[PDB]
Amino acid sequence: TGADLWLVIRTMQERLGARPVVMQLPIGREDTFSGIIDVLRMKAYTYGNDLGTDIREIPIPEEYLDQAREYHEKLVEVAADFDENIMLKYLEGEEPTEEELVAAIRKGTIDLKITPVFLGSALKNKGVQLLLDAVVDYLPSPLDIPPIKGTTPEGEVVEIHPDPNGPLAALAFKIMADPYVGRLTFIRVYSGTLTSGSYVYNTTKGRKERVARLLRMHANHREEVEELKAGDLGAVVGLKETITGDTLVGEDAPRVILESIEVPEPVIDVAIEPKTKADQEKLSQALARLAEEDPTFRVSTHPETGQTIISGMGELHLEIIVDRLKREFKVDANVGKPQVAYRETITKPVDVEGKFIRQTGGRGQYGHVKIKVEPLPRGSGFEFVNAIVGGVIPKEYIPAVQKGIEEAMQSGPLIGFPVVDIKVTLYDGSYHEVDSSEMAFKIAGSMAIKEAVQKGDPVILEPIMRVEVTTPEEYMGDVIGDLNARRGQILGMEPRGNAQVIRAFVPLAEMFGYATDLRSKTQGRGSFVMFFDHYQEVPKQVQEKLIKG
Amino acid sequence: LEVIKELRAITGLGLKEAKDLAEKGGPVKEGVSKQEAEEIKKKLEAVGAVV
Amino acid sequence: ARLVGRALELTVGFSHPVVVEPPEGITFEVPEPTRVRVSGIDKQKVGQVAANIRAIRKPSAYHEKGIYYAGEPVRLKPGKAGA
Amino acid sequence: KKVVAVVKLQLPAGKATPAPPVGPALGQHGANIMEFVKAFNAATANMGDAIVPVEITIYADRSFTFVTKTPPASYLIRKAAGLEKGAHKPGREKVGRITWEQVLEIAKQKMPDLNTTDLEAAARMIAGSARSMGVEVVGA
Amino acid sequence: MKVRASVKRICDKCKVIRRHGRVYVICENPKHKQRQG
RNA sequence: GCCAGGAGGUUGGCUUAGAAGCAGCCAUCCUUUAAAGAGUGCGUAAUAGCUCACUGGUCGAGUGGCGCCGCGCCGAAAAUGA
């Protein structure tokens, strides 16, 4: 209900912006379809009956024929801007028959500059033979296809000629779990040849690799082949290692290389915690079948505490692979919202008093610490000073005790979470040569610090971030809306590549995952990137339900 | 040389009516816009409208 | 919206066709099935029955679809709001 | 074939980014705002740059003709009062030095703008704005 | 915010009327709908 | 109720990623005048923009606000049937 021509040929250059050019005409509107009167060979084809076994070409009953003229005449005009016959031939007025016609249009078609909208229908078997034939008439093969960028075993370029004779240059791509035989990969050769009785050589992670069987998955059945043409494609039975998109050479081939870098970066990130982790390993080897056959996602273990992070592009992406979960693997889990990479701090410096001057009688090991401290603005770094008041505790009594600070740092006093953006500054202390020691002063440090954090004004910061939202403008308004409505402040205004891109301070804990949103507003045009700046406090009170313990 | 450069409407759209050549135009001035004077009427061309 | 027979036959989002038969004090008219006119004589039956047409279908809501005598659509954000 | 699309804007010498409204009004004009920041820097070589409204005209086909105006008063008072940029709370704090004195020159060299089409009237508009911009217009 | 013993106007679309009984509060945005209950 | 401007320094200062009368804080000048407010609400990411105060007309006889004394109105939902 909404048959067209018009609105379509509009919604080409009002979505991207490119000269289309059409090559036929739909007889009537919705459910008022017969066939197509082509403005190419200039004829009204149709079926009458829906199918295509009692078709016809039945005389165009005037109606739109005349109209077609204007439409059809467009044809000629276009070929006056690419050809070398049809400038002067649009000038002349002569009839351009399918001699240079098909050549001009094929030229433009493989030139990436033409959109000969053929259509038809479907259940309404319209456009079957129409686009079968149109596809032969203008949709090309490896003749016009340019050398698919690949690289050399030293670092230079070459051409991936069809060349059925020479250099055995190869690529595969599609790792597929087939039942009848097994791991099958779908492949495009590129150069040389290959027999269903040969080896090759994996030219990423080496293996001369027996090619067992060459074949083609074909309609209702399957056609097997004993050889495969250079430029043609196929499927291969064999190959146990190999990856999705790894450089390939043959036996005869001298260990060359391939390119096609590609980027399947992750955007939506949600973390996992199963039943009692009794299935974690099953799902890890699952990720061997997964982050490899379709390397899409990342299995980046928690760069901090206990909870593996599993990141990926899209969202339902993650969902379909979490559906692969409770079927083949049949494992139960809890894909929680990620915790919080955590580091505390303070705002006030204090003259704290730390101790460890303890013995008994006949074994020294003292540890006194009259320390002073001071922090630092959020996201600047961490250093310190000496504060020697004459060299009171020299030699071995410097780095280990400082490590006392560190070993009081790996477990921040409130809930055992780190501290950064600081700048210490001790000043006084005591000891005794044979009656003090290394680790003694280490725990001097640890202790001193522990009170120098617990009784010194507590506060934690939450992992702040930066981001580039690549987007149009309608939803520049929308996105900035919910962007500020995610607790933080943007900061970033520049008219980028195609449209406009907003730079944004965001908080992660309240900025987590925007792709699902990004598409919700912007339909699906241009996303965002996870930068890291540092961390800021959570409005002094949000952390009250969070100090739950 | 004028239709594939100045005239936006390609080479067969502005001169759609090249069936009987019916098109004139092209502005000009004195001092500044002497780019459209004789460098579009000096390069072996011929539009005798004003300057 | 059709002037078939003498009266209203129209679909406005619904599947089942909406039929409306004219009472006395009015005559019917449908030019192009995307705009309709009645020609009658009673300011009571004018607005009562015409707002009964605006009751044949509720207007706009978020964007714009339905019946307006000549009214107007006000937008209420669709790509978010409800979350 | 644009029938008159003469379009002005707000651009100082040296800031060439032909984005809207340069795009939908002068982009469909093919005017050189690149040549703007270049040659406009020439006719205005007093400090190289200054905020001045451009204006490019298209003529039935594609003829070009750009026109210009004047800088903002919040610069005429600034780099002549000792008020480096701002002052905060323009009434309580009297920092600068434009008294009843140099205001004669400042108001002088700007004529084809303001509002009063003369110089003996809105010079009090001048005398007040200096306060609005946090400067002492002390008596003399 | 329908129904409450006090009822007031914020913008000039907001107004008060009598009909079939008690007080009624209206506005252009009918989000400002009340009653005296 | 209508046509019409509803301006300019000014995007006031300032902060601010930007803050244009309009998020906000500090905040009073005058000008082409019949008339425009360092601007009333709306609006934009912030401009742009609807705006109203101002003012002239069109036009024809009243009009809008405040303080007061009475009566009614709501605020008002229970367990047998009134």
# chains A, B, ... in the order shown; residues from 1 in each chain; ligands from 1
>>> residues_around(residues="residue 3 (chain C)", least_positions_apart="5", cutoff="10 Å", atoms="only C-alpha atoms (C1' of nucleotides)", output="ChimeraX atom specification")
/C:8-10,28-33,36
>>> select_by_dssp(residues="chain D", states="strand (DSSP E or B)", output="VMD selection string")
chain D and resid 7 to 8 11 to 12 51 to 52 55 to 56 66
>>> write_last_selection(atoms="N, CA and C atoms", output="PDB file, in the first residue's frame")
ATOM      1  N   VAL D   7      23.797  37.586   0.611  1.00  0.00           N
ATOM      2  CA  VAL D   7      23.789  37.175   2.013  1.00  0.00           C
ATOM      3  C   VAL D   7      24.988  37.693   2.811  1.00  0.00           C
ATOM      4  N   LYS D   8      24.671  38.352   3.918  1.00  0.00           N
ATOM      5  CA  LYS D   8      25.664  38.869   4.847  1.00  0.00           C
ATOM      6  C   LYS D   8      25.989  37.836   5.918  1.00  0.00           C
ATOM      7  N   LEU D  11      31.602  37.643  10.441  1.00  0.00           N
ATOM      8  CA  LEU D  11      32.896  36.980  10.346  1.00  0.00           C
ATOM      9  C   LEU D  11      34.085  37.939  10.342  1.00  0.00           C
ATOM     10  N   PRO D  12      35.020  37.738  11.287  1.00  0.00           N
ATOM     11  CA  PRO D  12      36.287  38.474  11.344  1.00  0.00           C
ATOM     12  C   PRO D  12      37.322  37.931  10.357  1.00  0.00           C
ATOM     13  N   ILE D  51      36.194  41.902  13.801  1.00  0.00           N
ATOM     14  CA  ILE D  51      34.827  41.437  13.556  1.00  0.00           C
ATOM     15  C   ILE D  51      34.065  42.384  12.641  1.00  0.00           C
ATOM     16  N   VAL D  52      33.681  41.902  11.466  1.00  0.00           N
ATOM     17  CA  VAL D  52      33.025  42.751  10.479  1.00  0.00           C
ATOM     18  C   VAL D  52      32.061  41.947   9.594  1.00  0.00           C
ATOM     19  N   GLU D  55      29.054  40.337   3.158  1.00  0.00           N
ATOM     20  CA  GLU D  55      27.818  40.357   2.368  1.00  0.00           C
ATOM     21  C   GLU D  55      28.062  40.012   0.902  1.00  0.00           C
ATOM     22  N   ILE D  56      27.757  38.778   0.512  1.00  0.00           N
ATOM     23  CA  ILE D  56      28.031  38.315  -0.850  1.00  0.00           C
ATOM     24  C   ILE D  56      26.767  38.155  -1.702  1.00  0.00           C
ATOM     25  N   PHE D  66      31.302  41.075  -2.690  1.00  0.00           N
ATOM     26  CA  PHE D  66      31.245  41.058  -1.228  1.00  0.00           C
ATOM     27  C   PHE D  66      31.441  42.443  -0.604  1.00  0.00           C
TER      28      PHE D  66
END
>>> residues_around(residues="residue 49 (chain D)", least_positions_apart="6", cutoff="10 Å", atoms="only C-alpha atoms (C1' of nucleotides)", output="list in words")
residues 11, 12, 13, 14, 15, 37, 40, 41, 42 and 71 of chain D
>>> interface_residues(of="chain E", to="chain F", cutoff="9 Å", atoms="only C-alpha atoms (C1' of nucleotides)", output="PyMOL selection string")
chain E and resi 4-6+11+21-23+36-37
>>> write_last_selection(atoms="C-alpha atoms", output="short mmCIF file (atom, residue, chain, number, x, y, z; two decimals), in the first residue's frame")
data_model
loop_
_atom_site.label_atom_id
_atom_site.label_comp_id
_atom_site.auth_asym_id
_atom_site.auth_seq_id
_atom_site.Cartn_x
_atom_site.Cartn_y
_atom_site.Cartn_z
CA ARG E 4 -7.72 18.70 45.18
CA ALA E 5 -9.45 21.21 47.50
CA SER E 6 -7.27 24.06 46.25
CA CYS E 11 0.12 30.45 32.94
CA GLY E 21 -21.20 21.32 39.91
CA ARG E 22 -17.87 22.18 41.50
CA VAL E 23 -14.81 24.13 40.37
CA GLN E 36 -11.97 20.66 43.69
CA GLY E 37 -12.15 17.35 45.56
#
>>> residues_around(residues="residue 20 (chain F)", least_positions_apart="4", cutoff="10 Å", atoms="only C-alpha atoms (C1' of nucleotides)", output="PDB file with C-alpha atoms (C1' of nucleotides), in the first residue's frame")
ATOM      1  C1'   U F  10      23.956  44.721  23.072  1.00  0.00           C
ATOM      2  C1'   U F  11      25.735  38.853  21.718  1.00  0.00           C
ATOM      3  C1'   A F  46      23.608  28.552  22.445  1.00  0.00           C
ATOM      4  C1'   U F  47      21.798  31.759  17.734  1.00  0.00           C
TER       5        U F  47
END
>>> atom_distance(atom1="CA of residue 463 (chain A)", atom2="CA of residue 532 (chain A)")
8.0 Å
>>> closest_atom_pairs(of="chain D", to="chain F", cutoff="8 Å", atoms="only C-alpha atoms (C1' of nucleotides)", output="tab-separated table")
residue	atom	partner	partner_atom	distance
D:73	CA	F:9	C1'	7.0
D:86	CA	F:14	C1'	7.0
D:87	CA	F:13	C1'	7.3
D:88	CA	F:14	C1'	5.0
D:89	CA	F:26	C1'	3.7
D:90	CA	F:13	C1'	5.2
D:91	CA	F:27	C1'	7.1
D:92	CA	F:26	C1'	7.8
D:114	CA	F:9	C1'	5.6
D:115	CA	F:8	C1'	5.3
D:116	CA	F:31	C1'	5.3
D:117	CA	F:32	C1'	7.4
D:121	CA	F:31	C1'	6.8
D:122	CA	F:31	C1'	4.9
D:123	CA	F:30	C1'	7.6
D:124	CA	F:30	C1'	5.4
D:125	CA	F:30	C1'	3.8
D:126	CA	F:9	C1'	7.4
D:127	CA	F:29	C1'	7.3
D:128	CA	F:29	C1'	4.4
D:129	CA	F:29	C1'	6.6
D:132	CA	F:13	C1'	5.4
D:133	CA	F:13	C1'	4.9
D:134	CA	F:13	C1'	6.2
>>> write_last_selection(atoms="C-alpha atoms", output="PDB file, in the first residue's frame")
ATOM      1  CA  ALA D  73      32.333  48.555  20.675  1.00  0.00           C
ATOM      2  CA  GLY D  86      36.180  41.798  31.539  1.00  0.00           C
ATOM      3  CA  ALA D  87      35.569  43.247  34.978  1.00  0.00           C
ATOM      4  CA  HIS D  88      32.786  41.244  36.687  1.00  0.00           C
ATOM      5  CA  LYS D  89      29.677  43.006  37.999  1.00  0.00           C
ATOM      6  CA  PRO D  90      30.109  46.169  35.829  1.00  0.00           C
ATOM      7  CA  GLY D  91      28.694  48.552  38.467  1.00  0.00           C
ATOM      8  CA  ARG D  92      30.501  47.796  41.712  1.00  0.00           C
ATOM      9  CA  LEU D 114      25.241  52.977  16.137  1.00  0.00           C
ATOM     10  CA  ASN D 115      21.695  54.381  16.024  1.00  0.00           C
ATOM     11  CA  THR D 116      21.515  58.191  16.170  1.00  0.00           C
ATOM     12  CA  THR D 117      22.921  58.878  12.679  1.00  0.00           C
ATOM     13  CA  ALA D 121      23.267  62.189  21.000  1.00  0.00           C
ATOM     14  CA  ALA D 122      23.969  58.467  21.536  1.00  0.00           C
ATOM     15  CA  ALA D 123      27.367  59.420  22.929  1.00  0.00           C
ATOM     16  CA  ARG D 124      25.567  58.987  26.246  1.00  0.00           C
ATOM     17  CA  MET D 125      24.609  55.529  25.044  1.00  0.00           C
ATOM     18  CA  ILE D 126      28.359  55.255  24.637  1.00  0.00           C
ATOM     19  CA  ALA D 127      28.934  56.863  28.036  1.00  0.00           C
ATOM     20  CA  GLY D 128      26.700  54.257  29.673  1.00  0.00           C
ATOM     21  CA  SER D 129      27.836  51.096  27.880  1.00  0.00           C
ATOM     22  CA  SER D 132      27.955  48.163  31.377  1.00  0.00           C
ATOM     23  CA  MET D 133      31.329  46.763  30.342  1.00  0.00           C
ATOM     24  CA  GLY D 134      32.774  47.319  33.818  1.00  0.00           C
TER      25      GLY D 134
END
>>> interface_residues(of="chain B", to="chain D", cutoff="10 Å", atoms="only C-alpha atoms", output="PyMOL selection string")
chain B and resi 6-9+25-29+32-33+35-36
>>> interface_residues(of="chain D", to="chain A", cutoff="12 Å", atoms="only C-alpha atoms", output="ChimeraX atom specification")
/D:17-20
>>> write_last_selection(atoms="N, CA, C and O atoms", output="PDB file, in the first residue's frame")
ATOM      1  N   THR D  17      35.181  29.027   7.600  1.00  0.00           N
ATOM      2  CA  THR D  17      34.440  27.771   7.681  1.00  0.00           C
ATOM      3  C   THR D  17      33.051  27.929   7.068  1.00  0.00           C
ATOM      4  O   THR D  17      32.099  28.282   7.763  1.00  0.00           O
ATOM      5  N   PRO D  18      32.929  27.659   5.758  1.00  0.00           N
ATOM      6  CA  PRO D  18      31.703  27.848   4.968  1.00  0.00           C
ATOM      7  C   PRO D  18      30.512  26.966   5.371  1.00  0.00           C
ATOM      8  O   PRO D  18      29.819  26.428   4.503  1.00  0.00           O
ATOM      9  N   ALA D  19      30.268  26.836   6.669  1.00  0.00           N
ATOM     10  CA  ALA D  19      29.111  26.098   7.160  1.00  0.00           C
ATOM     11  C   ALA D  19      27.933  27.058   7.336  1.00  0.00           C
ATOM     12  O   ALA D  19      28.149  28.249   7.554  1.00  0.00           O
ATOM     13  N   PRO D  20      26.689  26.546   7.227  1.00  0.00           N
ATOM     14  CA  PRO D  20      25.443  27.313   7.381  1.00  0.00           C
ATOM     15  C   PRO D  20      25.513  28.458   8.400  1.00  0.00           C
ATOM     16  O   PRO D  20      26.090  28.289   9.474  1.00  0.00           O
TER      17      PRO D  20
END
>>> interface_residues(of="chain F", to="chain A", cutoff="10 Å", atoms="only C-alpha atoms (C1' of nucleotides)", output="number ranges by chain")
F: 17-18, 44-45
>>> write_last_selection(atoms="N, CA and C atoms (P, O5', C5', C4', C3', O3' and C1' of nucleotides)", output="PDB file, in the first residue's frame")
ATOM      1  P     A F  17      33.089  25.245  30.401  1.00  0.00           P
ATOM      2  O5'   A F  17      33.161  25.659  28.863  1.00  0.00           O
ATOM      3  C5'   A F  17      34.349  25.496  28.098  1.00  0.00           C
ATOM      4  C4'   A F  17      34.017  25.167  26.664  1.00  0.00           C
ATOM      5  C3'   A F  17      32.951  26.054  26.026  1.00  0.00           C
ATOM      6  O3'   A F  17      33.502  27.202  25.399  1.00  0.00           O
ATOM      7  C1'   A F  17      32.333  23.786  25.787  1.00  0.00           C
ATOM      8  P     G F  18      33.414  28.645  26.104  1.00  0.00           P
ATOM      9  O5'   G F  18      32.073  29.276  25.523  1.00  0.00           O
ATOM     10  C5'   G F  18      32.012  29.700  24.168  1.00  0.00           C
ATOM     11  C4'   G F  18      30.625  29.553  23.593  1.00  0.00           C
ATOM     12  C3'   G F  18      29.529  30.330  24.309  1.00  0.00           C
ATOM     13  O3'   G F  18      29.450  31.682  23.888  1.00  0.00           O
ATOM     14  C1'   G F  18      28.833  28.094  24.016  1.00  0.00           C
ATOM     15  P     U F  44      12.955  24.027  21.716  1.00  0.00           P
ATOM     16  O5'   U F  44      14.324  24.601  21.138  1.00  0.00           O
ATOM     17  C5'   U F  44      14.531  24.717  19.740  1.00  0.00           C
ATOM     18  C4'   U F  44      15.947  25.123  19.410  1.00  0.00           C
ATOM     19  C3'   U F  44      17.054  24.456  20.209  1.00  0.00           C
ATOM     20  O3'   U F  44      17.342  23.141  19.764  1.00  0.00           O
ATOM     21  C1'   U F  44      17.495  26.778  19.994  1.00  0.00           C
ATOM     22  P     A F  45      17.434  21.925  20.810  1.00  0.00           P
ATOM     23  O5'   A F  45      18.944  21.960  21.325  1.00  0.00           O
ATOM     24  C5'   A F  45      19.244  22.429  22.635  1.00  0.00           C
ATOM     25  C4'   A F  45      20.728  22.596  22.876  1.00  0.00           C
ATOM     26  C3'   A F  45      21.222  24.025  23.067  1.00  0.00           C
ATOM     27  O3'   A F  45      21.014  24.507  24.385  1.00  0.00           O
ATOM     28  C1'   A F  45      22.671  22.860  21.592  1.00  0.00           C
TER      29        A F  45
END
>>> closest_residue(among="D:95, D:33, D:26, D:111", to="residue 83 (chain D)", atoms="only C-alpha atoms")
D:95
>>> interface_residues(of="chain A", to="chain B", cutoff="8 Å", atoms="only C-alpha atoms", output="ChimeraX atom specification")
/A:77-78,80-81,87,90-93
>>> atom_distance(atom1="CA of residue 154 (chain A)", atom2="CA of residue 255 (chain A)")
10.2 Å
>>> atom_distance(atom1="CA of residue 6 (chain A)", atom2="CA of residue 45 (chain A)")
20.3 Å
>>> residues_around(residues="residue 23 (chain C)", least_positions_apart="5", cutoff="12 Å", atoms="only C-alpha atoms (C1' of nucleotides)", output="list in words")
residues 6, 7, 28, 38, 39, 40, 41, 42, 45, 46 and 49 of chain C
>>> write_last_selection(atoms="N, CA, C and O atoms", output="CSV table (one decimal), in the first residue's frame")
chain,number,residue,atom,x,y,z
C,6,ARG,N,-24.2,7.3,-1.5
C,6,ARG,CA,-24.7,8.6,-1.1
C,6,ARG,C,-24.0,9.1,0.2
C,6,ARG,O,-24.2,10.3,0.6
C,7,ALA,N,-23.1,8.3,0.7
C,7,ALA,CA,-22.7,8.5,2.1
C,7,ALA,C,-21.2,8.2,2.4
C,7,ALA,O,-20.4,7.9,1.5
C,28,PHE,N,-24.5,15.5,0.9
C,28,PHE,CA,-23.1,15.0,1.0
C,28,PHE,C,-22.2,15.5,-0.2
C,28,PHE,O,-22.7,15.8,-1.2
C,38,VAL,N,-19.5,18.3,3.8
C,38,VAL,CA,-20.9,18.2,3.9
C,38,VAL,C,-21.5,19.6,3.6
C,38,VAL,O,-21.0,20.6,4.0
C,39,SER,N,-22.7,19.6,3.0
C,39,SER,CA,-23.4,20.8,2.7
C,39,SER,C,-24.8,20.8,3.3
C,39,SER,O,-25.8,20.3,2.7
C,40,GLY,N,-24.9,21.4,4.5
C,40,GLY,CA,-26.2,21.4,5.2
C,40,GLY,C,-26.5,22.7,5.9
C,40,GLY,O,-25.8,23.7,5.8
C,41,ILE,N,-27.6,22.7,6.7
C,41,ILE,CA,-28.1,23.9,7.3
C,41,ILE,C,-28.6,23.8,8.8
C,41,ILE,O,-29.8,23.8,9.1
C,42,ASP,N,-27.7,23.8,9.7
C,42,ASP,CA,-28.0,23.9,11.2
C,42,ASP,C,-26.7,23.9,12.0
C,42,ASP,O,-26.1,22.9,12.2
C,45,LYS,N,-26.3,20.9,14.3
C,45,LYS,CA,-25.9,19.7,13.7
C,45,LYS,C,-24.6,19.8,13.0
C,45,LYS,O,-23.9,18.9,12.7
C,46,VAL,N,-24.2,21.1,12.7
C,46,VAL,CA,-22.9,21.3,12.1
C,46,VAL,C,-21.8,20.8,13.1
C,46,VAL,O,-21.2,19.7,12.8
C,49,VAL,N,-22.3,16.9,14.9
C,49,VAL,CA,-21.9,15.8,14.0
C,49,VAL,C,-20.5,15.9,13.5
C,49,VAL,O,-19.9,14.9,13.3
>>> interface_residues(of="chain C", to="chain E", cutoff="12 Å", atoms="only C-alpha atoms", output="list in words")
residues 74, 75 and 76 of chain C
>>> decode(residues="region 68-123 of chain D", atoms="C-alpha atoms", output="PDB file, in the first residue's frame")
ATOM      1  CA  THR D  68      31.754  44.745   4.759  1.00  0.00           C
ATOM      2  CA  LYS D  69      31.096  46.837   7.924  1.00  0.00           C
ATOM      3  CA  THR D  70      32.520  47.526  11.420  1.00  0.00           C
ATOM      4  CA  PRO D  71      33.966  45.992  14.690  1.00  0.00           C
ATOM      5  CA  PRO D  72      32.168  45.744  18.093  1.00  0.00           C
ATOM      6  CA  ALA D  73      32.333  48.555  20.675  1.00  0.00           C
ATOM      7  CA  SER D  74      33.381  45.934  23.244  1.00  0.00           C
ATOM      8  CA  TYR D  75      36.891  46.329  21.852  1.00  0.00           C
ATOM      9  CA  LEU D  76      36.728  50.036  21.114  1.00  0.00           C
ATOM     10  CA  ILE D  77      36.510  50.588  24.851  1.00  0.00           C
ATOM     11  CA  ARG D  78      38.587  47.526  25.748  1.00  0.00           C
ATOM     12  CA  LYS D  79      41.975  48.165  24.144  1.00  0.00           C
ATOM     13  CA  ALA D  80      41.754  51.859  25.041  1.00  0.00           C
ATOM     14  CA  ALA D  81      40.660  51.802  28.689  1.00  0.00           C
ATOM     15  CA  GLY D  82      43.132  49.371  30.205  1.00  0.00           C
ATOM     16  CA  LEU D  83      40.243  46.969  30.769  1.00  0.00           C
ATOM     17  CA  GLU D  84      41.846  43.864  29.313  1.00  0.00           C
ATOM     18  CA  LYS D  85      38.614  41.953  28.634  1.00  0.00           C
ATOM     19  CA  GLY D  86      36.180  41.798  31.539  1.00  0.00           C
ATOM     20  CA  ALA D  87      35.569  43.247  34.978  1.00  0.00           C
ATOM     21  CA  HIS D  88      32.786  41.244  36.687  1.00  0.00           C
ATOM     22  CA  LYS D  89      29.677  43.006  37.999  1.00  0.00           C
ATOM     23  CA  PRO D  90      30.109  46.169  35.829  1.00  0.00           C
ATOM     24  CA  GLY D  91      28.694  48.552  38.467  1.00  0.00           C
ATOM     25  CA  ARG D  92      30.501  47.796  41.712  1.00  0.00           C
ATOM     26  CA  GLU D  93      34.017  47.671  40.265  1.00  0.00           C
ATOM     27  CA  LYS D  94      35.625  50.633  38.518  1.00  0.00           C
ATOM     28  CA  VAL D  95      38.853  49.389  36.905  1.00  0.00           C
ATOM     29  CA  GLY D  96      39.546  51.078  33.558  1.00  0.00           C
ATOM     30  CA  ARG D  97      40.304  54.713  32.752  1.00  0.00           C
ATOM     31  CA  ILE D  98      38.165  55.938  29.847  1.00  0.00           C
ATOM     32  CA  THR D  99      36.861  59.088  31.513  1.00  0.00           C
ATOM     33  CA  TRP D 100      35.170  62.006  29.785  1.00  0.00           C
ATOM     34  CA  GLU D 101      38.401  62.114  27.776  1.00  0.00           C
ATOM     35  CA  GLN D 102      39.300  59.556  25.065  1.00  0.00           C
ATOM     36  CA  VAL D 103      35.600  58.686  24.631  1.00  0.00           C
ATOM     37  CA  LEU D 104      35.607  61.557  22.123  1.00  0.00           C
ATOM     38  CA  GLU D 105      38.039  59.658  19.862  1.00  0.00           C
ATOM     39  CA  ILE D 106      36.517  56.229  20.481  1.00  0.00           C
ATOM     40  CA  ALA D 107      33.034  57.514  19.636  1.00  0.00           C
ATOM     41  CA  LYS D 108      34.582  59.546  16.808  1.00  0.00           C
ATOM     42  CA  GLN D 109      36.140  56.981  14.500  1.00  0.00           C
ATOM     43  CA  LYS D 110      32.861  55.002  14.468  1.00  0.00           C
ATOM     44  CA  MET D 111      30.169  56.812  12.459  1.00  0.00           C
ATOM     45  CA  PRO D 112      28.219  54.631   9.994  1.00  0.00           C
ATOM     46  CA  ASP D 113      26.708  52.327  12.647  1.00  0.00           C
ATOM     47  CA  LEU D 114      25.241  52.977  16.137  1.00  0.00           C
ATOM     48  CA  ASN D 115      21.695  54.381  16.024  1.00  0.00           C
ATOM     49  CA  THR D 116      21.515  58.191  16.170  1.00  0.00           C
ATOM     50  CA  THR D 117      22.921  58.878  12.679  1.00  0.00           C
ATOM     51  CA  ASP D 118      25.041  61.669  14.220  1.00  0.00           C
ATOM     52  CA  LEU D 119      27.568  62.274  17.004  1.00  0.00           C
ATOM     53  CA  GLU D 120      26.041  64.455  19.734  1.00  0.00           C
ATOM     54  CA  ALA D 121      23.267  62.189  21.000  1.00  0.00           C
ATOM     55  CA  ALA D 122      23.969  58.467  21.536  1.00  0.00           C
ATOM     56  CA  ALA D 123      27.367  59.420  22.929  1.00  0.00           C
TER      57      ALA D 123
END
